[PDB]
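Novice: Quick one: this structure, given as structure tokens, is what I'll be asking you about.
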Amino acid sequence: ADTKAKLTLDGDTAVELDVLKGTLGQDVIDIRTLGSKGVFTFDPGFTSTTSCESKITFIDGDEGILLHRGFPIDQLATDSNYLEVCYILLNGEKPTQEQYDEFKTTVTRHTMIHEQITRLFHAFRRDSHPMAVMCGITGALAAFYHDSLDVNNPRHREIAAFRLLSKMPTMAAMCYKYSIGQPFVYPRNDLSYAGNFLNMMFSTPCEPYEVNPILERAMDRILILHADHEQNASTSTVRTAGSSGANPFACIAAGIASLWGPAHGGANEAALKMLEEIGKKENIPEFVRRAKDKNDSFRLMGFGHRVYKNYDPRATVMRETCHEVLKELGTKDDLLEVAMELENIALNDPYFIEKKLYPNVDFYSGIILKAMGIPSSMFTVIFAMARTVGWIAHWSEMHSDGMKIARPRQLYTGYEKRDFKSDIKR
Amino acid sequence: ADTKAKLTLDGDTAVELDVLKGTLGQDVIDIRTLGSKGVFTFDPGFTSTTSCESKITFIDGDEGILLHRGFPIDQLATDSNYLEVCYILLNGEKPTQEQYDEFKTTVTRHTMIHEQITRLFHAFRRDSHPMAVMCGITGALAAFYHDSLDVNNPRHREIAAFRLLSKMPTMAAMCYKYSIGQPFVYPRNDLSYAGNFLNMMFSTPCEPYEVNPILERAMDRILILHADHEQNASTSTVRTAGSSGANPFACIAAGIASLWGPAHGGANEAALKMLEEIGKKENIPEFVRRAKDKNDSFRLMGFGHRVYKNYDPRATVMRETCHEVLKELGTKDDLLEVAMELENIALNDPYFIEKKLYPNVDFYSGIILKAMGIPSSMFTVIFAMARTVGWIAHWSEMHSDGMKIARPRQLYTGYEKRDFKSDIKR
Amino acid sequence: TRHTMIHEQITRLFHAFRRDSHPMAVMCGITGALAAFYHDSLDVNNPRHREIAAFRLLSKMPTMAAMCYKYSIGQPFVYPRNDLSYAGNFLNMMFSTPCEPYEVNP
Ligand SMILES: O=C([O-])CC(=O)C(=O)O
Ligand SMILES: O=C([O-])CC(=O)C(=O)O
């Protein structure tokens, strides 16, 4: 907290700049004045620049720490439930009973989506990727919910939020049902947030569906563990679109697409096939399928991580949840020996050891969801669905900030003024 | 390098930073590696941070300078046409008759929209705002044209950029038609870009439509004048979404929603309400909307601009064209000479001279559109339609810089780790 | 109670109206189209005809009115239930959603 006093800069003149500090994490040099002075930095990507102050989530990557409103991710995972984590993320404090009661009633109150929005799904191809259908529908909500689009009105945000929060799962489960040809399942108030999702995902009218408390709690954990992850590509996208005035539904729609981005990204995308396909306990085990690794696309298959140095703090609760489920679903797991085998190769192969392609939270989330009969295409959908509450919090915090439409500068390197004379006559 | 030779970051040991210079504009300070030394700047609002290096468009706010690949907007809007200008923004140089004819040929052959998408149009409510439908449709494109979503594959990127350039006019016209209940019109390979769009907007099976030459030119100029505007908010959203690897259509959709953004509030349309809701001199102004304007109610009608200091270089030719259109139509303008009084007010009213609320390009653009018989609920759809080529160029550039991953950092000021104790239930 | 349901095709008619239309105009529209679906009871000179036409209008008007409302607010249609009263059934068709069994206050 010492040098936090101040510091200066100067190329042709003297400028005194303060050194701000956070409640956690390193200091920052407030350059909020250099602009006027006539001084501008150059940071493509905002790697050495801090774009905001936040009180939502704290991450210390080198130390594998993740906090949501101060609360460690591990405790919330085992001790809380998704809805309560939502409240905490959006409000900043654990909810009293009465507070959580109302929060849950409001949410349960608007889970249904306008029948006309439901008509939109039928205009997509049955062969479309459920993630693309997810972005499509979310990006159309504004044409149906035009009464809560003014982001300058607080009540507006309040409403828009509950709408996205209550309806995202109804929407995600519809994408799945449309992709496999089964009828849509309405939201039920008698079920939990997780139970209800499983219900809407798997029940048919041919027999009452019964949710296994084990798989349910497992889903609840998959959700809490993806609720929010500090600043990153998709959240920065939601923050930028937001401060540009864009309505809340459009902001979340862009967030979902940013989150999907790495996936239909190419080299990534093709290695996705290699995993979901090759696996005959001859390839994966004898490092055959892994004998091919030109394209890394590791974190995509659940290996390694960009922020956390040695391990993903969220992976602890999930691995134990994964163990549990795999046993609850009894002996119907033969091919899923590659699960045990890949983890082994991830922790015991010098390469992975050296390059640190350690199993992150998604490795186990993926194993859990698969064991449940959920197709891969629905993986990002469920993560985006869960991440929506975090996007709302960040978006709600970007507004409440100072509504300062961010306008970065550019270092113009192009052509100096030149006269124009077309070479065409058509 | 004027008032900036070299600079030294002072904390406890002088840290010299290299100053960079553009071909035009201000010089900047390099700070890319600072973070790699635990030193980060703080700057919410991006008042001093230069997010990128670009060669597309140059603006000099105080001088009212706007260039596209070095050419003065005035010159392009007068001696060129939209397509030639798209080629320039996209390719960096003016085309040869051969390059132009090749480019033009590729554009016209991708103008038709997939029939399945037409079904999606009919699922939206008939009273849907044209811009909302436009957002709804664009964000849904990735689900169909799924063969061009690999943002790192140069073949996919050109194919996507061309699809957008070809289809936007098509989708924009259909948004209009649908809102008024007239049948959709197909592109006309023999018509020019602007003439084709006017035909898709106003033709009907009842009889043949005649594209007025003066109106054809007025529209092309409006397009030209909205082709691109450097690093603004909507462009920032596009670039930021694109950094995460989001597909081309998702980014453009984000740009559209971003452009619509600052127009959702109540006082937003409440203001841009009487601007047209009344057509008679002594009524809208005459001791009326003098103070009857409440939050923005100025900047939304085409008065003032945070980029330019004295005037808008785009308004120049746009004002010239305005005359030609009113002149030409005669019986489709004259009633509408409430503009001259609005303009006069802004030129002499102490309140306007005060706020520098000078008539911008959108003041004159709106007059032309209101004269061609275009509803105010299509103005921003048209602006966005024209701006797409610019959004596309910027998206590409960012991808030329190697998909500049825009992931800023934060200054955390929330709770320090604290134990989670839940005594409630569900 | 025997004929409160309306032919599924007549039900398709509602979807051709705007969601923003006045429910009274949708009510006149649908009622004025019933003849294209119930062409067997149109001869007003036949007594049995009147008998039938009557029971049809009588049993189906509430099913129709509640559909107008549901279409106007974007909720799914609710079928007629034989276990309820004429009034109870109407309230049911007007307010119940599939998200929870609806209970009519006596
Ligand atoms: O890199 C990040 O912070 C994003 C992340 O892991 C996630 O979205 O699960
Ligand atoms: O305010 C800005 O710089 C953006 C702008 O005018 C435009 O998009 O035409």
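Going through the structure tokens in order, the chains are called A, B, and so on, while each chain numbers its residues from 1 and the ligands are numbered from 1 in the order shown.
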So that each row is one residue of chain B with an atom at most 10 Å from ligand 2, can you give its shortest atom pair and the distance in Å to one decimal, using only C-alpha atoms and all ligand atoms, rows by chain and rising number, as CSV?

Specialist:
residue,atom,partner,partner_atom_place_in_ligand_line,distance
B:59,CA,ligand 2,3 (O),9.6
B:61,CA,ligand 2,3 (O),9.8
B:225,CA,ligand 2,9 (O),8.6
B:226,CA,ligand 2,9 (O),6.1
B:227,CA,ligand 2,9 (O),8.5
B:228,CA,ligand 2,8 (O),7.1
B:229,CA,ligand 2,7 (C),5.5
B:230,CA,ligand 2,3 (O),7.3
B:231,CA,ligand 2,3 (O),7.2
B:232,CA,ligand 2,3 (O),4.6
B:233,CA,ligand 2,4 (C),6.6
B:234,CA,ligand 2,8 (O),7.0
B:235,CA,ligand 2,8 (O),8.1
B:255,CA,ligand 2,8 (O),10.0
B:258,CA,ligand 2,8 (O),9.7
B:259,CA,ligand 2,8 (O),6.9
B:304,CA,ligand 2,1 (O),10.0
B:305,CA,ligand 2,1 (O),6.6
B:306,CA,ligand 2,1 (O),6.2
B:307,CA,ligand 2,3 (O),5.5
B:308,CA,ligand 2,3 (O),8.6
B:312,CA,ligand 2,6 (O),9.5
B:314,CA,ligand 2,9 (O),9.6
B:360,CA,ligand 2,6 (O),9.2
B:361,CA,ligand 2,9 (O),8.6
B:362,CA,ligand 2,9 (O),8.4
B:380,CA,ligand 2,8 (O),9.9
B:383,CA,ligand 2,9 (O),7.9
B:384,CA,ligand 2,8 (O),8.4
B:387,CA,ligand 2,8 (O),7.6
B:390,CA,ligand 2,8 (O),10.0

Novice: Which residues are near residue C:76? Cut-off 9 Å, only C-alpha atoms, ignore same chain within fewer than 4 positions. Put them as a ChimeraX atom specification.

Specialist: /A:114-115 /C:67,70-71,97-98

Novice: Considering only C-alpha atoms, tabulate each residue of chain A that lies at most 10 Å from chain C along with its nearest interatomic pair and the corresponding distance in Å to one decimal; arrange the rows by chain and ascending residue number and present them as CSV.

Specialist:
residue,atom,partner,partner_atom,distance
A:108,CA,C:99,CA,9.2
A:109,CA,C:99,CA,9.4
A:110,CA,C:99,CA,10.0
A:111,CA,C:99,CA,8.8
A:112,CA,C:99,CA,8.0
A:113,CA,C:74,CA,8.2
A:114,CA,C:74,CA,4.8
A:115,CA,C:74,CA,5.0
A:116,CA,C:74,CA,6.5
A:117,CA,C:74,CA,8.8
A:118,CA,C:74,CA,9.7
A:144,CA,C:74,CA,9.9
A:185,CA,C:98,CA,9.3
A:186,CA,C:99,CA,6.3
A:187,CA,C:99,CA,5.4
A:188,CA,C:99,CA,4.5
A:189,CA,C:99,CA,5.9
A:190,CA,C:100,CA,7.7

Novice: Can those selected residues be exported to a file as a PDB file, in the first residue's frame so that it contains C-alpha atoms?

Specialist:
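Now in again-v9.pdb:
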ATOM      1  CA  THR A 108     -40.959 -18.727 -11.211  1.00  0.00           C
ATOM      2  CA  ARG A 109     -43.527 -16.138 -12.210  1.00  0.00           C
ATOM      3  CA  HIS A 110     -42.254 -15.554 -15.759  1.00  0.00           C
ATOM      4  CA  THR A 111     -40.541 -18.678 -17.031  1.00  0.00           C
ATOM      5  CA  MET A 112     -42.957 -19.101 -19.943  1.00  0.00           C
ATOM      6  CA  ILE A 113     -42.099 -17.479 -23.258  1.00  0.00           C
ATOM      7  CA  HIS A 114     -44.775 -15.718 -25.382  1.00  0.00           C
ATOM      8  CA  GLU A 115     -46.364 -18.276 -27.678  1.00  0.00           C
ATOM      9  CA  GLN A 116     -45.358 -16.156 -30.702  1.00  0.00           C
ATOM     10  CA  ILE A 117     -41.677 -16.312 -29.739  1.00  0.00           C
ATOM     11  CA  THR A 118     -42.249 -20.028 -29.616  1.00  0.00           C
ATOM     12  CA  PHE A 144     -41.560  -9.265 -28.541  1.00  0.00           C
ATOM     13  CA  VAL A 185     -42.194 -29.025 -22.320  1.00  0.00           C
ATOM     14  CA  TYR A 186     -43.642 -26.143 -20.319  1.00  0.00           C
ATOM     15  CA  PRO A 187     -41.966 -24.864 -17.113  1.00  0.00           C
ATOM     16  CA  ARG A 188     -43.345 -26.305 -13.869  1.00  0.00           C
ATOM     17  CA  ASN A 189     -43.465 -24.356 -10.629  1.00  0.00           C
ATOM     18  CA  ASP A 190     -43.298 -27.458  -8.413  1.00  0.00           C
TER      19      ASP A 190
END

Novice: Here is a test: counting only C-alpha atoms and all ligand atoms, which residue of A:169, A:285, A:248, A:261 is nearest to ligand 1?

Specialist: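 That would be A:261, the residue with the smallest distance to ligand 1.
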
Novice: Report the closest atom pair, with its distance in Å rounded to one decimal, for each residue of chain B that has an atom no farther than 12 Å from ligand 1; count only C-alpha atoms and all ligand atoms, sort by chain and then rising residue number, and write it as a tab-separated table.

Specialist:
residue	atom	partner	partner_atom_place_in_ligand_line	distance
B:244	CA	ligand 1	1 (O)	10.7
B:405	CA	ligand 1	1 (O)	11.5
B:407	CA	ligand 1	1 (O)	9.3
B:408	CA	ligand 1	3 (O)	11.4
B:409	CA	ligand 1	3 (O)	10.8

Novice: Going by DSSP on the backbone, which bits of chain C are alpha helix (DSSP H)? Write them as a JSON list (two decimals) with N, CA, C and O atoms, in the first residue's frame, please.

Specialist:
[["chain", "number", "residue", "atom", "x", "y", "z"],
["C", 8, "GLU", "N", -60.24, -28.18, -34.52],
["C", 8, "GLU", "CA", -58.85, -27.73, -34.56],
["C", 8, "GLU", "C", -58.51, -26.77, -35.71],
["C", 8, "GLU", "O", -57.62, -25.93, -35.58],
["C", 9, "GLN", "N", -59.21, -26.88, -36.84],
["C", 9, "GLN", "CA", -58.94, -26.01, -37.97],
["C", 9, "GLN", "C", -59.42, -24.59, -37.69],
["C", 9, "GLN", "O", -58.80, -23.61, -38.12],
["C", 10, "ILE", "N", -60.54, -24.48, -36.97],
["C", 10, "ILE", "CA", -61.10, -23.17, -36.62],
["C", 10, "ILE", "C", -60.07, -22.54, -35.71],
["C", 10, "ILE", "O", -59.83, -21.34, -35.74],
["C", 11, "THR", "N", -59.46, -23.38, -34.89],
["C", 11, "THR", "CA", -58.44, -22.91, -33.97],
["C", 11, "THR", "C", -57.25, -22.34, -34.74],
["C", 11, "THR", "O", -56.57, -21.45, -34.26],
["C", 12, "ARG", "N", -57.01, -22.86, -35.95],
["C", 12, "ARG", "CA", -55.90, -22.38, -36.78],
["C", 12, "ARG", "C", -56.19, -20.97, -37.27],
["C", 12, "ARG", "O", -55.27, -20.23, -37.58],
["C", 13, "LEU", "N", -57.47, -20.61, -37.33],
["C", 13, "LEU", "CA", -57.87, -19.27, -37.78],
["C", 13, "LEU", "C", -57.31, -18.16, -36.91],
["C", 13, "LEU", "O", -56.90, -17.13, -37.42],
["C", 14, "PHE", "N", -57.34, -18.35, -35.60],
["C", 14, "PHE", "CA", -56.83, -17.36, -34.65],
["C", 14, "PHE", "C", -55.41, -16.92, -34.98],
["C", 14, "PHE", "O", -55.07, -15.73, -34.93],
["C", 23, "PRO", "N", -59.39, -7.92, -29.04],
["C", 23, "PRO", "CA", -60.04, -9.23, -28.91],
["C", 23, "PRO", "C", -61.52, -9.28, -29.31],
["C", 23, "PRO", "O", -62.06, -10.36, -29.56],
["C", 24, "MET", "N", -62.16, -8.12, -29.40],
["C", 24, "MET", "CA", -63.57, -8.07, -29.79],
["C", 24, "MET", "C", -63.68, -8.25, -31.31],
["C", 24, "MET", "O", -64.62, -8.87, -31.82],
["C", 25, "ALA", "N", -62.71, -7.71, -32.04],
["C", 25, "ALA", "CA", -62.70, -7.82, -33.49],
["C", 25, "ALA", "C", -62.36, -9.26, -33.90],
["C", 25, "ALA", "O", -62.84, -9.76, -34.92],
["C", 26, "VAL", "N", -61.52, -9.91, -33.09],
["C", 26, "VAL", "CA", -61.13, -11.30, -33.33],
["C", 26, "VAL", "C", -62.34, -12.18, -33.02],
["C", 26, "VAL", "O", -62.56, -13.21, -33.66],
["C", 27, "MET", "N", -63.13, -11.75, -32.04],
["C", 27, "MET", "CA", -64.32, -12.47, -31.63],
["C", 27, "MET", "C", -65.37, -12.46, -32.75],
["C", 27, "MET", "O", -65.98, -13.48, -33.04],
["C", 28, "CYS", "N", -65.58, -11.30, -33.38],
["C", 28, "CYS", "CA", -66.53, -11.17, -34.49],
["C", 28, "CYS", "C", -66.01, -11.93, -35.71],
["C", 28, "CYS", "O", -66.77, -12.56, -36.45],
["C", 29, "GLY", "N", -64.70, -11.85, -35.93],
["C", 29, "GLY", "CA", -64.07, -12.53, -37.05],
["C", 29, "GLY", "C", -64.25, -14.03, -37.01],
["C", 29, "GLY", "O", -64.67, -14.64, -37.99],
["C", 30, "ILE", "N", -63.92, -14.64, -35.87],
["C", 30, "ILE", "CA", -64.05, -16.09, -35.72],
["C", 30, "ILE", "C", -65.51, -16.54, -35.80],
["C", 30, "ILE", "O", -65.82, -17.52, -36.48],
["C", 31, "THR", "N", -66.39, -15.84, -35.10],
["C", 31, "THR", "CA", -67.80, -16.21, -35.11],
["C", 31, "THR", "C", -68.41, -16.10, -36.51],
["C", 31, "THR", "O", -69.29, -16.87, -36.90],
["C", 47, "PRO", "N", -85.89, -27.35, -38.49],
["C", 47, "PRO", "CA", -85.92, -27.26, -37.02],
["C", 47, "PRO", "C", -84.73, -27.93, -36.33],
["C", 47, "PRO", "O", -84.16, -27.38, -35.39],
["C", 48, "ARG", "N", -84.36, -29.12, -36.79],
["C", 48, "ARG", "CA", -83.24, -29.83, -36.20],
["C", 48, "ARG", "C", -82.01, -28.96, -36.38],
["C", 48, "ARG", "O", -81.17, -28.86, -35.49],
["C", 49, "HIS", "N", -81.92, -28.32, -37.55],
["C", 49, "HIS", "CA", -80.81, -27.43, -37.86],
["C", 49, "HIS", "C", -80.64, -26.40, -36.75],
["C", 49, "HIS", "O", -79.56, -26.28, -36.16],
["C", 50, "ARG", "N", -81.71, -25.64, -36.48],
["C", 50, "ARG", "CA", -81.67, -24.61, -35.45],
["C", 50, "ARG", "C", -81.24, -25.22, -34.12],
["C", 50, "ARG", "O", -80.39, -24.68, -33.42],
["C", 51, "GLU", "N", -81.84, -26.36, -33.80],
["C", 51, "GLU", "CA", -81.52, -27.07, -32.57],
["C", 51, "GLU", "C", -80.00, -27.23, -32.42],
["C", 51, "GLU", "O", -79.41, -26.86, -31.41],
["C", 52, "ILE", "N", -79.38, -27.77, -33.46],
["C", 52, "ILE", "CA", -77.95, -27.99, -33.46],
["C", 52, "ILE", "C", -77.14, -26.70, -33.43],
["C", 52, "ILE", "O", -76.29, -26.51, -32.56],
["C", 53, "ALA", "N", -77.40, -25.81, -34.39],
["C", 53, "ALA", "CA", -76.69, -24.54, -34.46],
["C", 53, "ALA", "C", -76.67, -23.87, -33.10],
["C", 53, "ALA", "O", -75.65, -23.34, -32.66],
["C", 54, "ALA", "N", -77.81, -23.91, -32.41],
["C", 54, "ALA", "CA", -77.93, -23.30, -31.10],
["C", 54, "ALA", "C", -76.94, -23.87, -30.08],
["C", 54, "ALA", "O", -76.17, -23.12, -29.48],
["C", 55, "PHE", "N", -76.97, -25.19, -29.89],
["C", 55, "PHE", "CA", -76.08, -25.85, -28.94],
["C", 55, "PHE", "C", -74.62, -25.59, -29.28],
["C", 55, "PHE", "O", -73.77, -25.50, -28.40],
["C", 56, "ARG", "N", -74.33, -25.47, -30.57],
["C", 56, "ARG", "CA", -72.96, -25.20, -31.01],
["C", 56, "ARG", "C", -72.49, -23.83, -30.53],
["C", 56, "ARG", "O", -71.42, -23.70, -29.94],
["C", 57, "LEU", "N", -73.31, -22.80, -30.77],
["C", 57, "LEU", "CA", -72.97, -21.44, -30.36],
["C", 57, "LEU", "C", -72.94, -21.36, -28.84],
["C", 57, "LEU", "O", -72.03, -20.78, -28.26],
["C", 58, "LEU", "N", -73.94, -21.96, -28.22],
["C", 58, "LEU", "CA", -74.06, -21.97, -26.77],
["C", 58, "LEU", "C", -72.87, -22.62, -26.05],
["C", 58, "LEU", "O", -72.35, -22.06, -25.08],
["C", 59, "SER", "N", -72.45, -23.79, -26.53],
["C", 59, "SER", "CA", -71.33, -24.48, -25.89],
["C", 59, "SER", "C", -69.96, -23.89, -26.22],
["C", 59, "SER", "O", -69.06, -23.88, -25.38],
["C", 60, "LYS", "N", -69.82, -23.39, -27.45],
["C", 60, "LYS", "CA", -68.54, -22.88, -27.91],
["C", 60, "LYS", "C", -68.18, -21.40, -27.72],
["C", 60, "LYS", "O", -67.01, -21.05, -27.82],
["C", 61, "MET", "N", -69.15, -20.53, -27.46],
["C", 61, "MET", "CA", -68.82, -19.10, -27.30],
["C", 61, "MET", "C", -67.76, -18.80, -26.22],
["C", 61, "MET", "O", -66.88, -17.98, -26.44],
["C", 62, "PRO", "N", -67.85, -19.45, -25.04],
["C", 62, "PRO", "CA", -66.85, -19.20, -23.99],
["C", 62, "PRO", "C", -65.45, -19.72, -24.35],
["C", 62, "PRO", "O", -64.44, -19.08, -24.04],
["C", 63, "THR", "N", -65.41, -20.88, -24.99],
["C", 63, "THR", "CA", -64.14, -21.47, -25.43],
["C", 63, "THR", "C", -63.49, -20.45, -26.36],
["C", 63, "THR", "O", -62.28, -20.18, -26.26],
["C", 64, "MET", "N", -64.31, -19.86, -27.23],
["C", 64, "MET", "CA", -63.87, -18.88, -28.21],
["C", 64, "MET", "C", -63.39, -17.59, -27.56],
["C", 64, "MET", "O", -62.32, -17.08, -27.91],
["C", 65, "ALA", "N", -64.18, -17.05, -26.63],
["C", 65, "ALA", "CA", -63.83, -15.80, -25.95],
["C", 65, "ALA", "C", -62.54, -15.89, -25.15],
["C", 65, "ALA", "O", -61.73, -14.95, -25.15],
["C", 66, "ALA", "N", -62.33, -17.02, -24.48],
["C", 66, "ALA", "CA", -61.13, -17.23, -23.69],
["C", 66, "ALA", "C", -59.91, -17.38, -24.60],
["C", 66, "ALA", "O", -58.79, -17.05, -24.22],
["C", 67, "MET", "N", -60.13, -17.89, -25.81],
["C", 67, "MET", "CA", -59.05, -18.06, -26.78],
["C", 67, "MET", "C", -58.62, -16.68, -27.25],
["C", 67, "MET", "O", -57.43, -16.41, -27.39],
["C", 68, "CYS", "N", -59.59, -15.79, -27.48],
["C", 68, "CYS", "CA", -59.28, -14.43, -27.91],
["C", 68, "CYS", "C", -58.34, -13.78, -26.90],
["C", 68, "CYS", "O", -57.33, -13.16, -27.25],
["C", 69, "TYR", "N", -58.67, -13.94, -25.62],
["C", 69, "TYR", "CA", -57.86, -13.39, -24.55],
["C", 69, "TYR", "C", -56.45, -14.00, -24.55],
["C", 69, "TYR", "O", -55.46, -13.26, -24.56],
["C", 70, "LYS", "N", -56.36, -15.32, -24.54],
["C", 70, "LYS", "CA", -55.07, -16.00, -24.54],
["C", 70, "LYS", "C", -54.21, -15.60, -25.74],
["C", 70, "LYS", "O", -52.98, -15.46, -25.62],
["C", 71, "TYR", "N", -54.84, -15.43, -26.90],
["C", 71, "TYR", "CA", -54.10, -15.05, -28.09],
["C", 71, "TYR", "C", -53.61, -13.61, -27.93],
["C", 71, "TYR", "O", -52.49, -13.28, -28.35],
["C", 72, "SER", "N", -54.42, -12.75, -27.31],
["C", 72, "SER", "CA", -54.04, -11.35, -27.11],
["C", 72, "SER", "C", -52.86, -11.14, -26.14],
["C", 72, "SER", "O", -52.17, -10.12, -26.22],
["C", 73, "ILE", "N", -52.63, -12.08, -25.23],
["C", 73, "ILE", "CA", -51.52, -11.95, -24.28],
["C", 73, "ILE", "C", -50.38, -12.94, -24.51],
["C", 73, "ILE", "O", -49.39, -12.94, -23.76],
["C", 86, "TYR", "N", -69.95, -23.94, -15.74],
["C", 86, "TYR", "CA", -69.88, -23.09, -16.92],
["C", 86, "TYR", "C", -69.00, -21.87, -16.60],
["C", 86, "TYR", "O", -68.15, -21.47, -17.40],
["C", 87, "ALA", "N", -69.20, -21.30, -15.42],
["C", 87, "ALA", "CA", -68.40, -20.14, -15.01],
["C", 87, "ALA", "C", -66.99, -20.57, -14.61],
["C", 87, "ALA", "O", -66.01, -19.95, -15.02],
["C", 88, "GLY", "N", -66.88, -21.64, -13.83],
["C", 88, "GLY", "CA", -65.58, -22.11, -13.40],
["C", 88, "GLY", "C", -64.72, -22.43, -14.61],
["C", 88, "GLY", "O", -63.55, -22.04, -14.67],
["C", 89, "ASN", "N", -65.31, -23.13, -15.57],
["C", 89, "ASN", "CA", -64.61, -23.51, -16.78],
["C", 89, "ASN", "C", -64.10, -22.27, -17.53],
["C", 89, "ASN", "O", -62.97, -22.25, -18.03],
["C", 90, "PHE", "N", -64.94, -21.24, -17.62],
["C", 90, "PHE", "CA", -64.52, -20.03, -18.31],
["C", 90, "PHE", "C", -63.28, -19.44, -17.63],
["C", 90, "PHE", "O", -62.26, -19.17, -18.28],
["C", 91, "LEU", "N", -63.36, -19.24, -16.32],
["C", 91, "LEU", "CA", -62.24, -18.69, -15.56],
["C", 91, "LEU", "C", -61.00, -19.55, -15.80],
["C", 91, "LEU", "O", -59.90, -19.03, -15.99],
["C", 92, "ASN", "N", -61.18, -20.86, -15.79],
["C", 92, "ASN", "CA", -60.08, -21.79, -16.02],
["C", 92, "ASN", "C", -59.44, -21.51, -17.38],
["C", 92, "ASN", "O", -58.23, -21.31, -17.48],
["C", 93, "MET", "N", -60.26, -21.50, -18.44],
["C", 93, "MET", "CA", -59.75, -21.26, -19.79],
["C", 93, "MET", "C", -59.14, -19.88, -19.96],
["C", 93, "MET", "O", -58.27, -19.69, -20.80],
["C", 94, "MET", "N", -59.60, -18.93, -19.16],
["C", 94, "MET", "CA", -59.07, -17.56, -19.20],
["C", 94, "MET", "C", -57.72, -17.42, -18.48],
["C", 94, "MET", "O", -56.81, -16.74, -18.97],
["C", 95, "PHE", "N", -57.58, -18.06, -17.32],
["C", 95, "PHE", "CA", -56.38, -17.89, -16.51],
["C", 95, "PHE", "C", -55.35, -18.99, -16.31],
["C", 95, "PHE", "O", -54.20, -18.70, -15.98]]

Novice: Excluding residue B:140 and any residue of its chain fewer than 5 positions from it, enumerate the residues within 8 Å of it, using only C-alpha atoms, and give them as a ChimeraX atom specification.

Specialist: /A:132-133,135-137,139 /B:249-250

Novice: As an exercise, work out the distance from atom CA of residue B:175 to atom CA of residue B:68 in Å and give it to one decimal place.

Specialist: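 So the answer is 29.4 Å.
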